[PDB]
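run-v2.cif follows (mmCIF, C-alpha atoms):
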data_entry
#
loop_
_atom_site.label_atom_id
_atom_site.label_comp_id
_atom_site.auth_asym_id
_atom_site.auth_seq_id
_atom_site.Cartn_x
_atom_site.Cartn_y
_atom_site.Cartn_z
CA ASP A 192 0.00 0.00 0.00
CA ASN A 193 1.90 2.96 -1.42
CA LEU A 194 1.26 5.36 -4.29
CA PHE A 195 3.11 5.92 -7.59
CA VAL A 196 2.88 8.38 -10.48
CA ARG A 197 3.22 7.50 -14.17
CA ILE A 198 3.40 10.42 -16.62
CA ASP A 199 2.38 9.69 -20.22
CA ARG A 200 2.36 5.95 -19.37
CA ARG A 201 6.16 5.84 -19.52
CA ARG A 202 7.34 4.16 -16.29
CA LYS A 203 6.56 3.95 -12.59
CA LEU A 204 7.78 6.58 -10.12
CA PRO A 205 6.93 7.26 -6.44
CA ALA A 206 4.01 9.63 -5.91
CA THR A 207 5.83 11.75 -3.32
CA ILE A 208 8.21 13.09 -5.99
CA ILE A 209 5.43 15.09 -7.66
CA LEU A 210 4.65 16.74 -4.31
CA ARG A 211 8.35 17.43 -3.73
CA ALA A 212 8.63 19.14 -7.12
CA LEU A 213 5.94 21.62 -6.03
CA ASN A 214 8.13 23.17 -3.30
CA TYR A 215 6.53 21.03 -0.58
CA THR A 216 8.41 19.79 2.49
CA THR A 217 8.03 16.42 4.19
CA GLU A 218 6.32 17.82 7.29
CA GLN A 219 4.02 19.92 5.08
CA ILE A 220 3.16 16.76 3.13
CA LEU A 221 2.36 14.90 6.35
CA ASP A 222 0.24 17.84 7.54
CA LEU A 223 -1.66 17.74 4.24
CA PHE A 224 -2.26 13.98 4.14
CA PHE A 225 -2.50 13.10 7.86
CA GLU A 226 -4.18 14.26 11.06
CA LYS A 227 -2.18 15.07 14.18
CA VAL A 228 -2.58 14.29 17.88
CA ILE A 229 -0.91 15.88 20.91
CA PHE A 230 1.22 13.91 23.37
CA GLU A 231 2.11 15.58 26.68
CA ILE A 232 3.99 14.46 29.79
CA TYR B 3 -55.26 19.01 -43.64
CA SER B 4 -52.51 20.14 -46.02
CA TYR B 5 -52.87 20.11 -49.80
CA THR B 6 -50.42 17.24 -50.33
CA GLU B 7 -51.94 15.05 -47.60
CA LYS B 8 -55.56 15.72 -48.63
CA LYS B 9 -55.06 13.76 -51.87
CA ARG B 10 -54.38 10.53 -49.95
CA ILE B 11 -55.01 10.28 -46.20
CA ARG B 12 -53.41 7.36 -44.36
CA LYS B 13 -55.68 5.77 -41.76
CA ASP B 14 -53.99 5.90 -38.35
CA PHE B 15 -54.46 3.12 -35.79
CA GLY B 16 -52.54 4.90 -33.03
CA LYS B 17 -54.40 5.58 -29.80
CA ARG B 18 -52.09 7.85 -27.80
CA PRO B 19 -52.14 11.66 -28.16
CA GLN B 20 -49.17 13.05 -30.06
CA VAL B 21 -47.58 15.73 -27.87
CA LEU B 22 -44.08 16.49 -29.24
CA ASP B 23 -43.45 16.65 -32.98
CA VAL B 24 -40.56 14.81 -34.61
CA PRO B 25 -37.71 17.36 -34.87
CA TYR B 26 -35.83 18.19 -38.04
CA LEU B 27 -33.80 15.06 -38.68
CA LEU B 28 -30.63 16.82 -39.93
CA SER B 29 -30.27 19.32 -37.08
CA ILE B 30 -26.97 18.01 -35.69
CA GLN B 31 -24.75 18.60 -38.73
CA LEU B 32 -26.16 22.02 -39.59
CA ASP B 33 -26.04 23.22 -35.97
CA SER B 34 -22.43 22.05 -35.66
CA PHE B 35 -21.36 23.79 -38.87
CA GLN B 36 -23.20 27.00 -37.96
CA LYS B 37 -21.51 27.00 -34.55
CA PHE B 38 -18.24 26.53 -36.44
CA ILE B 39 -18.67 29.40 -38.91
CA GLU B 40 -20.96 31.88 -37.11
CA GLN B 41 -19.47 35.07 -35.70
CA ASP B 42 -18.86 34.74 -31.96
CA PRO B 43 -18.40 37.92 -29.88
CA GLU B 44 -17.65 35.95 -26.71
CA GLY B 45 -15.19 33.83 -28.71
CA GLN B 46 -16.19 30.50 -27.17
CA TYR B 47 -16.58 28.52 -30.41
CA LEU C 336 0.00 11.22 13.13
CA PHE C 337 -2.93 8.79 13.01
CA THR C 338 -2.80 5.29 11.52
CA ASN C 339 -5.22 2.36 11.29
CA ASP C 340 -5.79 -0.82 9.28
CA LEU C 341 -9.52 -0.61 8.43
CA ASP C 342 -10.56 3.02 7.84
CA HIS C 343 -7.14 4.73 7.61
CA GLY C 344 -3.68 3.71 6.49
CA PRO C 345 -0.01 4.71 6.20
CA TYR C 346 -0.22 5.00 2.41
CA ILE C 347 1.85 8.19 2.16
CA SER C 348 4.30 7.58 5.03
CA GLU C 349 5.42 4.28 3.51
CA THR C 350 5.80 6.03 0.15
CA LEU C 351 8.01 8.63 1.84
CA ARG C 352 10.10 5.82 3.34
CA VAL C 353 10.48 4.33 -0.14
CA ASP C 354 10.89 7.82 -1.63
CA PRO C 355 14.57 8.38 -2.55
CA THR C 356 14.43 12.14 -3.17
CA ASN C 357 15.32 14.65 -0.47
CA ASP C 358 14.56 18.16 -1.79
CA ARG C 359 12.81 19.90 -4.67
CA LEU C 360 15.86 19.91 -6.95
CA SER C 361 16.42 16.16 -6.56
CA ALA C 362 12.77 15.51 -7.43
CA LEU C 363 13.04 17.77 -10.49
CA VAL C 364 16.20 16.06 -11.74
CA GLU C 365 14.64 12.63 -11.13
CA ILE C 366 11.60 13.66 -13.18
CA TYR C 367 13.97 14.84 -15.93
CA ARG C 368 15.76 11.47 -15.79
CA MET C 369 12.43 9.68 -16.19
CA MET C 370 11.22 11.86 -19.08
CA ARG C 371 14.43 12.01 -21.13
CA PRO C 372 16.30 8.79 -22.01
CA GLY C 373 19.42 10.94 -21.94
CA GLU C 374 20.45 12.01 -18.44
CA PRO C 375 22.33 15.32 -18.30
CA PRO C 376 22.08 16.79 -14.76
CA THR C 377 21.23 20.36 -15.74
CA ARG C 378 19.53 23.06 -13.63
CA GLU C 379 17.14 25.26 -15.64
CA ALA C 380 16.07 22.88 -18.42
CA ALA C 381 14.49 20.45 -15.94
CA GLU C 382 12.50 23.25 -14.30
CA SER C 383 11.38 24.55 -17.71
CA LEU C 384 10.35 21.05 -18.81
CA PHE C 385 8.36 20.48 -15.62
CA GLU C 386 6.66 23.87 -15.97
CA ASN C 387 5.72 23.34 -19.63
CA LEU C 388 4.53 19.78 -18.91
CA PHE C 389 1.40 20.87 -17.02
CA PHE C 390 1.40 24.63 -16.24
CA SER C 391 1.92 26.12 -19.73
CA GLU C 392 -1.17 27.32 -21.61
CA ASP C 393 0.49 26.87 -25.01
CA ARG C 394 1.16 23.17 -24.34
CA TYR C 395 -1.58 22.05 -21.90
CA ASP C 396 -5.32 22.68 -22.02
CA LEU C 397 -8.28 21.42 -20.02
CA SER C 398 -11.31 22.36 -22.11
CA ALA C 399 -14.43 23.95 -20.66
CA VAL C 400 -16.19 20.58 -20.57
CA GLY C 401 -12.98 19.14 -19.14
CA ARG C 402 -12.88 21.74 -16.37
CA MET C 403 -16.58 21.20 -15.64
CA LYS C 404 -16.13 17.42 -15.39
CA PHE C 405 -13.02 17.85 -13.23
CA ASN C 406 -14.88 20.16 -10.84
CA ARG C 407 -17.94 17.89 -10.68
CA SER C 408 -15.85 14.76 -10.08
CA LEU C 409 -14.11 16.23 -7.01
CA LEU C 410 -17.41 17.65 -5.65
CA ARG C 411 -16.15 21.21 -6.22
CA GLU C 412 -19.22 23.41 -6.61
CA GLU C 413 -17.89 26.04 -9.03
CA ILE C 414 -17.99 24.82 -12.63
CA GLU C 415 -15.88 27.33 -14.57
CA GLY C 416 -12.21 28.11 -14.05
CA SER C 417 -8.93 27.73 -15.90
CA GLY C 418 -7.69 25.07 -18.29
CA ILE C 419 -4.37 24.69 -16.44
CA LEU C 420 -3.76 22.12 -13.71
CA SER C 421 -3.06 23.60 -10.29
CA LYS C 422 -1.39 21.98 -7.31
CA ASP C 423 -4.72 21.98 -5.47
CA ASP C 424 -6.18 19.87 -8.28
CA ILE C 425 -3.47 17.23 -7.86
CA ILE C 426 -3.86 17.33 -4.07
CA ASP C 427 -7.61 16.79 -4.41
CA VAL C 428 -7.05 13.96 -6.90
CA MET C 429 -4.74 12.09 -4.53
CA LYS C 430 -7.03 12.82 -1.57
CA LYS C 431 -10.03 11.39 -3.41
CA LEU C 432 -8.00 8.36 -4.52
CA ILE C 433 -7.03 7.76 -0.88
CA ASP C 434 -10.68 8.13 0.16
CA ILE C 435 -11.62 5.49 -2.43
CA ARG C 436 -8.81 3.30 -1.07
CA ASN C 437 -10.13 3.83 2.48
CA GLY C 438 -13.50 2.35 1.44
CA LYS C 439 -15.24 5.75 1.31
CA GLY C 440 -16.47 6.05 -2.27
CA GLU C 441 -16.73 4.11 -5.51
CA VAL C 442 -15.13 4.09 -8.96
CA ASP C 443 -16.63 5.60 -12.11
CA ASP C 444 -18.40 3.76 -14.93
CA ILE C 445 -16.44 3.63 -18.19
CA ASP C 446 -19.43 3.09 -20.50
CA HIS C 447 -21.84 5.51 -18.81
CA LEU C 448 -23.14 8.03 -21.33
CA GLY C 449 -22.36 10.75 -18.80
CA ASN C 450 -18.68 9.93 -19.33
CA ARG C 451 -18.74 9.77 -23.16
CA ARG C 452 -19.12 12.81 -25.40
CA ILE C 453 -20.17 13.57 -28.98
CA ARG C 454 -17.75 15.34 -31.33
CA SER C 455 -19.26 16.71 -34.54
CA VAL C 456 -17.82 18.09 -37.79
CA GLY C 457 -17.43 21.69 -36.63
CA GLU C 458 -15.24 20.86 -33.63
CA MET C 459 -12.90 18.69 -35.71
CA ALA C 460 -12.67 21.36 -38.42
CA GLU C 461 -11.82 23.91 -35.72
CA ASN C 462 -9.11 21.61 -34.36
CA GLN C 463 -7.57 21.16 -37.81
CA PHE C 464 -7.71 24.92 -38.46
CA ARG C 465 -5.97 25.60 -35.14
CA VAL C 466 -3.31 23.04 -36.07
CA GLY C 467 -2.73 24.93 -39.31
CA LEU C 468 -2.50 28.25 -37.46
CA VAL C 469 0.03 26.74 -35.04
CA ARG C 470 2.07 25.54 -38.02
CA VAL C 471 1.98 29.05 -39.53
CA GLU C 472 2.98 30.96 -36.38
CA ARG C 473 6.40 29.29 -36.14
CA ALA C 474 7.53 30.48 -39.57
CA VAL C 475 5.92 33.86 -38.85
CA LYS C 476 8.03 34.27 -35.70
CA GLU C 477 11.18 32.99 -37.41
CA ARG C 478 11.02 35.47 -40.27
CA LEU C 479 9.93 38.31 -37.96
#
Could I get this structure in the form of structure tokens?
Amino acid sequence: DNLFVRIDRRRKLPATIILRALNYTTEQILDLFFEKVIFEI
Amino acid sequence: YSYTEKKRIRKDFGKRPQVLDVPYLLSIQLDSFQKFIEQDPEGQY
Amino acid sequence: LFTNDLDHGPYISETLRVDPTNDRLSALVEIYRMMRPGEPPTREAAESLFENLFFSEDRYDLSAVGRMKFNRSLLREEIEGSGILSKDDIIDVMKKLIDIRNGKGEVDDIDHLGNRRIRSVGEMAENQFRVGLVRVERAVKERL
């Protein structure tokens, strides 16, 4: 269970690369595609 | 009754009231070509 | 973050773990490697290629019916817009694909008449005429 991107049906490529190309950071990606919880001690 | 039909009337056995007339059978091609060649101020087509 | 096995999933986190790129430039050069069988590690040509691939009006075009269908498919209420893909469009596409993966939604019907369209003589003639105009403009610019 992971996502790929294929442009013009050429060859497989991971789907995170297209997000990276649009000046997106890893933590921004995780904020976009996940929901957060708070842990406190 | 029209002049052409009055010379020979075809007996109709249909029993349901005609409500919508059969449209002009060649509308698609002419409408497409008119949309192609007609002046368009909005410039959509 | 939040993870499950029935309603949610680590679809993107695992992709990131398998993802070899680290920054924007590495992703751009990897895309350039994939597109071009030759692999020169340049700087500006890769960015230009990526920009013209999807964000250039002269090379990419979502028609009015295309934009309307795109907006209706992603439940977006507004029907009009631009013929150029945005980043929000891609984000919504992947979000909806994940939602389908999560069991929330269903796939489209290929043979539904709401997914197939009629193209008549005028549209094809217009396409051919535009092709001719595009062929003319190059020589026009060259000699200008």
Write out as a Markdown table a residue-level contact list of chain A versus chain C with cut-off 8 Å: for each qualifying residue the closest pair of atoms and the distance in Å to one decimal, counting all atoms listed in the file, rows sorted by chain and residue number upward.
| residue | atom | partner | partner_atom | distance |
| --- | --- | --- | --- | --- |
| A:192 | CA | C:346 | CA | 5.6 |
| A:193 | CA | C:346 | CA | 4.8 |
| A:194 | CA | C:350 | CA | 6.4 |
| A:201 | CA | C:370 | CA | 7.9 |
| A:202 | CA | C:369 | CA | 7.5 |
| A:205 | CA | C:354 | CA | 6.3 |
| A:206 | CA | C:350 | CA | 7.3 |
| A:207 | CA | C:351 | CA | 6.4 |
| A:208 | CA | C:362 | CA | 5.4 |
| A:209 | CA | C:362 | CA | 7.4 |
| A:211 | CA | C:359 | CA | 5.2 |
| A:212 | CA | C:359 | CA | 4.9 |
| A:213 | CA | C:359 | CA | 7.2 |
| A:214 | CA | C:359 | CA | 5.9 |
| A:215 | CA | C:359 | CA | 7.6 |
| A:216 | CA | C:358 | CA | 7.7 |
| A:221 | CA | C:348 | CA | 7.7 |
| A:224 | CA | C:347 | CA | 7.4 |
| A:225 | CA | C:336 | CA | 6.1 |
| A:226 | CA | C:336 | CA | 5.6 |
| A:227 | CA | C:336 | CA | 4.5 |
| A:228 | CA | C:336 | CA | 6.2 |
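Going from atom CA of residue 413 of chain C to atom CA of residue 428 of chain C covers 16.4 Å.
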Applying the PyMOL selection byres ((chain B) within 10 of (chain C)) to the file I just gave you, which residues come out? Please list them as a PDB file with C-alpha atoms, keeping the file's coordinate frame.
ATOM      1  CA  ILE B  30     -26.970  18.010 -35.690  1.00  0.00           C
ATOM      2  CA  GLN B  31     -24.750  18.600 -38.730  1.00  0.00           C
ATOM      3  CA  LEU B  32     -26.160  22.020 -39.590  1.00  0.00           C
ATOM      4  CA  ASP B  33     -26.040  23.220 -35.970  1.00  0.00           C
ATOM      5  CA  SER B  34     -22.430  22.050 -35.660  1.00  0.00           C
ATOM      6  CA  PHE B  35     -21.360  23.790 -38.870  1.00  0.00           C
ATOM      7  CA  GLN B  36     -23.200  27.000 -37.960  1.00  0.00           C
ATOM      8  CA  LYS B  37     -21.510  27.000 -34.550  1.00  0.00           C
ATOM      9  CA  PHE B  38     -18.240  26.530 -36.440  1.00  0.00           C
ATOM     10  CA  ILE B  39     -18.670  29.400 -38.910  1.00  0.00           C
ATOM     11  CA  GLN B  46     -16.190  30.500 -27.170  1.00  0.00           C
ATOM     12  CA  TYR B  47     -16.580  28.520 -30.410  1.00  0.00           C
TER      13      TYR B  47
END
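Atom pair atom CA of residue 415 of chain C / atom CA of residue 401 of chain C has a distance of 9.8 Å (rounded to one decimal).
Note that atom CA of residue 435 of chain C and atom CA of residue 342 of chain C are 10.6 Å apart.
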Give me, as a ChimeraX atom specification, all polymer residues having an atom no more than 9 Å from residue 376 of chain C, counting all atoms listed in the file and skipping those fewer than 4 positions away in the same chain. /C:364,367-368,381
Can you write just those residues out, C-alpha atoms, as a PDB file, in the coordinates of the input?
ATOM      1  CA  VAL C 364      16.200  16.060 -11.740  1.00  0.00           C
ATOM      2  CA  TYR C 367      13.970  14.840 -15.930  1.00  0.00           C
ATOM      3  CA  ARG C 368      15.760  11.470 -15.790  1.00  0.00           C
ATOM      4  CA  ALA C 381      14.490  20.450 -15.940  1.00  0.00           C
TER       5      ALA C 381
END
Run the PyMOL selection byres ((chain C and resi 417) around 9) on the file and write out the hits as a VMD selection string. chain C and resid 396 to 399 402 415 to 416 418 to 420
Could you pull chain A out of the block above and give me C-alpha atoms, as a compact mmCIF listing (two decimals), in the first residue's frame?
# COMPACT_ATOMS: atom_id res chain seq x y z
CA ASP A 192 0.00 0.00 0.00
CA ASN A 193 1.90 2.96 -1.42
CA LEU A 194 1.26 5.36 -4.29
CA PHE A 195 3.11 5.92 -7.59
CA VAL A 196 2.88 8.38 -10.48
CA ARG A 197 3.22 7.50 -14.17
CA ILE A 198 3.40 10.42 -16.62
CA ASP A 199 2.38 9.69 -20.22
CA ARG A 200 2.36 5.95 -19.37
CA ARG A 201 6.16 5.84 -19.52
CA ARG A 202 7.34 4.16 -16.29
CA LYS A 203 6.56 3.95 -12.59
CA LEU A 204 7.78 6.58 -10.12
CA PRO A 205 6.93 7.26 -6.44
CA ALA A 206 4.01 9.63 -5.91
CA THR A 207 5.83 11.75 -3.32
CA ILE A 208 8.21 13.09 -5.99
CA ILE A 209 5.43 15.09 -7.66
CA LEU A 210 4.65 16.74 -4.31
CA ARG A 211 8.35 17.43 -3.73
CA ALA A 212 8.63 19.14 -7.12
CA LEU A 213 5.94 21.62 -6.03
CA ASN A 214 8.13 23.17 -3.30
CA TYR A 215 6.53 21.03 -0.58
CA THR A 216 8.41 19.79 2.49
CA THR A 217 8.03 16.42 4.19
CA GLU A 218 6.32 17.82 7.29
CA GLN A 219 4.02 19.92 5.08
CA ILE A 220 3.16 16.76 3.13
CA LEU A 221 2.36 14.90 6.35
CA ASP A 222 0.24 17.84 7.54
CA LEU A 223 -1.66 17.74 4.24
CA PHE A 224 -2.26 13.98 4.14
CA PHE A 225 -2.50 13.10 7.86
CA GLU A 226 -4.18 14.26 11.06
CA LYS A 227 -2.18 15.07 14.18
CA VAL A 228 -2.58 14.29 17.88
CA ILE A 229 -0.91 15.88 20.91
CA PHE A 230 1.22 13.91 23.37
CA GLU A 231 2.11 15.58 26.68
CA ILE A 232 3.99 14.46 29.79
